[PDB]
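Order of listing sets the numbers, starting from 1, for every ligand and every atom in it. Atom set for the values below is all heavy atoms of this structure, side chains included, hydrogens, waters and symmetry mates excluded. The chain is numbered in sequence order, starting from 1.
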Amino acid sequence: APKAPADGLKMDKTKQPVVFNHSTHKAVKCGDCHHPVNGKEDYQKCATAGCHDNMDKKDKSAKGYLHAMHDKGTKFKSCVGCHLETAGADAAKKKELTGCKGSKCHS
Ligand code: HEC
Ligand code: HEC
Ligand code: HEC
Ligand code: HEC
């Protein structure tokens with residue numbers, strides 16, 4: 001159980017970096033994102049060696065970095081997956097939280 005970093009955290013493993021703010025996700029349990037690995041919630045960087053370290057856009061295994069941030073039907077809600085539920089039928093929120101362009105993730 002480490003300490004939540006300050007906002008402005010830059011996820012920049014790709015050419016479309018995204019800023020993650022812990023403050024806006026205060027209502028979400030730490031473990032929902034820093035999920036269990038070998039029985040214990042893991043707080044290492046998502047793309048740590050052995051984790052989601054493959055940058056291949058088509059890798060849908062546990063090694064797929066982009067898969068972990070965008071896809072639905074995953075064991076743990078991904079960024080987009082959780083945002084889809086949050087936005088519901090609200091088209092404005094869907095654009096803001098799940099859009100591939102013109103969203104708060106990818107301008
Ligand atoms: C998802 C909705 C998250 C919630 C809720 C919490 N965190 Fe988080 N955190 C998240 C991401 C996407 C990242 C970036 C990881 C990366 O690959 O760089 C982080 C990062 C951290 C870190 C720093 C990791 C490092 O660089 O070593 C820590 C220590 C951390 N987060 C802690 C933390 C705690 C204690 C939370 C709840 C109280 C918590 N986070 C929630 C995503 C999410
Ligand atoms: C290695 C130590 C990892 C770290 C750090 C993170 N994850 Fe992970 N993830 C890892 C494994 C081995 C697994 C599967 C665990 C299982 O019980 O099956 C996963 C899985 C996910 C998933 C779901 C994948 C799917 O069902 O297709 C997501 C969405 C996911 N992980 C996201 C995620 C994020 C955003 C992380 C950083 C905040 C993160 N994980 C760290 C291994 C490791
Ligand atoms: C739920 C389980 C979530 C996961 C996983 C992630 N996010 Fe999220 N996020 C969530 C909520 C409930 C909200 C607020 C909704 C609203 O209408 O404001 C958000 C908001 C954001 C935002 C906008 C606010 C901001 O910090 O700029 C962004 C850009 C954002 N979230 C990004 C993000 C990323 C990159 C995630 C995975 C790495 C991610 N979120 C996961 C709920 C949840
Ligand atoms: C936040 C909730 C996001 C939304 C909405 C979408 N994406 Fe995303 N994307 C997100 C993260 C956390 C990252 C990684 C940031 C980093 O640099 O580490 C990404 C990355 C991508 C990339 C990589 C670009 C490249 O270099 O090839 C692609 C291709 C991408 N994202 C596509 C994409 C699509 C198709 C989306 C709509 C369905 C979309 N993203 C939304 C977070 C978020």
Q. Which of the atoms of ligand 3 are close to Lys93, meaning less than 4.0 Å from one of its heavy atoms?
A.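 Contacts of ligand 3 toward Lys93, numbered from 1: 16 (C), 17 (O), 18 (O).
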
Q | Interfacing atoms of ligand 3 (cut-off 4.0 Å, heavy-atom, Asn21) | A |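 By the 4.0 Å cutoff, the relevant atoms are 25 (C), 26 (O), 27 (O).
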
**Q.** Sub-4.5 Å side-chain heavy-atom contact between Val80 and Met69
**A.**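 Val80 does not reach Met69 side chain to side chain.
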
**Q.** Check: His25 and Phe20 side chains under 4.5 Å, non-hydrogen atoms
**A.**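 Yes, side chains in contact.
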
From [atom1] ([X]) to [atom2] ([Y]), nearest 0.5 Å:
{"X": "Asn21", "Y": "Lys26", "atom1": "CG", "atom2": "NZ", "result": "13.0 Å"}
{"X": "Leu9", "Y": "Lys45", "atom1": "CG", "atom2": "NZ", "result": "8.5 Å"}
{"X": "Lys72", "Y": "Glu85", "atom1": "NZ", "atom2": "CD", "result": "8.0 Å"}
{"X": "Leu66", "Y": "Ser78", "atom1": "CG", "atom2": "OG", "result": "11.5 Å"}
{"X": "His106", "Y": "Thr98", "atom1": "NE2", "atom2": "OG1", "result": "11.0 Å"}
{"X": "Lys104", "Y": "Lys95", "atom1": "NZ", "atom2": "NZ", "result": "13.5 Å"}

Whether the side chain of [X] engages the backbone of [Y] through a donor-acceptor N/O pair (distance < 3.5 Å, no angle test) should be reported.
{"X": "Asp59", "Y": "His67", "result": "no"}
{"X": "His34", "Y": "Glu41", "result": "no"}
{"X": "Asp90", "Y": "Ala87", "result": "no"}
{"X": "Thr86", "Y": "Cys82", "result": "yes"}
{"X": "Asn54", "Y": "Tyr65", "result": "no"}
{"X": "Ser103", "Y": "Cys100", "result": "no"}

Q. Does some non-hydrogen atom of the protein lie less than 4.0 angstrom from atom 11 (C) of ligand 3?
A.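 Under the 4.0 Å cut-off, atom 11 (C) of ligand 3 has no protein heavy-atom neighbours at all.
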
What residue and atom, counting heavy atoms only, is the protein's closest point to [atom], and at what distance?
{"atom": "atom 38 (C) of ligand 1", "value": "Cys30 SG, 2.2 Å"}
{"atom": "atom 25 (C) of ligand 1", "value": "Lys45 NZ, 3.6 Å"}
{"atom": "atom 17 (O) of ligand 2", "value": "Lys75 NZ, 2.6 Å"}
{"atom": "atom 41 (C) of ligand 1", "value": "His22 CD2, 3.6 Å"}
{"atom": "atom 21 (C) of ligand 1", "value": "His34 CE1, 3.5 Å"}
{"atom": "atom 24 (C) of ligand 1", "value": "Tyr43 O, 3.7 Å"}
{"atom": "atom 27 (O) of ligand 2", "value": "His67 NE2, 2.7 Å"}

Closest candidate by heavy atom, reference [atom], pool [options]:
{"atom": "atom 2 (C) of ligand 1", "options": "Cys33, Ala4, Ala1", "value": "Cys33"}
{"atom": "atom 35 (C) of ligand 3", "options": "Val18, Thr98, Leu9, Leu84", "value": "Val18"}
{"atom": "atom 28 (C) of ligand 1", "options": "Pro5, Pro2, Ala27", "value": "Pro5"}
{"atom": "atom 23 (C) of ligand 2", "options": "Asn38, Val80, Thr74, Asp71", "value": "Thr74"}

(Q) Test of understanding: given a 4.0 Å heavy-atom threshold, classify the contact between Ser78 and ligand 3 as side chain, backbone, both, or neither. (A)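 Backbone only.
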
Q. Considering only heavy atoms of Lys3, which atoms of ligand 1 have at least one such atom less than 4.0 Å away?
A.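 In order of number, 28 (C), 29 (C), 32 (C).
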
Q.
Which of the numbered atoms in ligand 1 are under 4.0 angstrom from any heavy atom belonging to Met11?
A.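 Result: 12 (C).
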
(Q) Would you say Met55 ends up clustered with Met11 if hydrophobic residues are merged whenever their side chains have heavy atoms under 4.5 Å apart, either directly or through other cluster members? (A)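 Same hydrophobic cluster.
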
Q: Below 2.8 Å of atom 8 (Fe) of ligand 2, tally up the protein N/O/S atoms for me.
A: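 Of the protein's nitrogen, oxygen and sulfur atoms, 2 lie under 2.8 Å from atom 8 (Fe) of ligand 2.
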
Q.
Can you tell me if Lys13 has over 12 outside heavy atoms packed within less than 6.0 Å of its NZ?
A.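 Atom NZ in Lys13 is not packed in, count stays at 12 or less.
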
Q | Heavy-atom neighbours of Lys60 NZ exceed 12 at 6.0 Å | A |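 Result for NZ/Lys60: enclosed.
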
Q) So, is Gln44 polar-close to ligand 2, with some N/O to N/O distance under 3.5 Å? A)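 No; the residue has no nitrogen or oxygen that sits under 3.5 Å from a nitrogen or oxygen of the ligand.
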
(Q) For atom 8 (Fe) of ligand 3, which protein N/O/S atoms fall under 2.8 Å? Skip waters. (A)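 Metal shell, protein only: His25 NE2, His83 NE2.
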
Q: Just say parallel, tilted or perpendicular for the rings of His35 and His52, cut-offs at 30° and 60°.
A: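 Ring orientation, 0 to 90° scale: perpendicular.
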
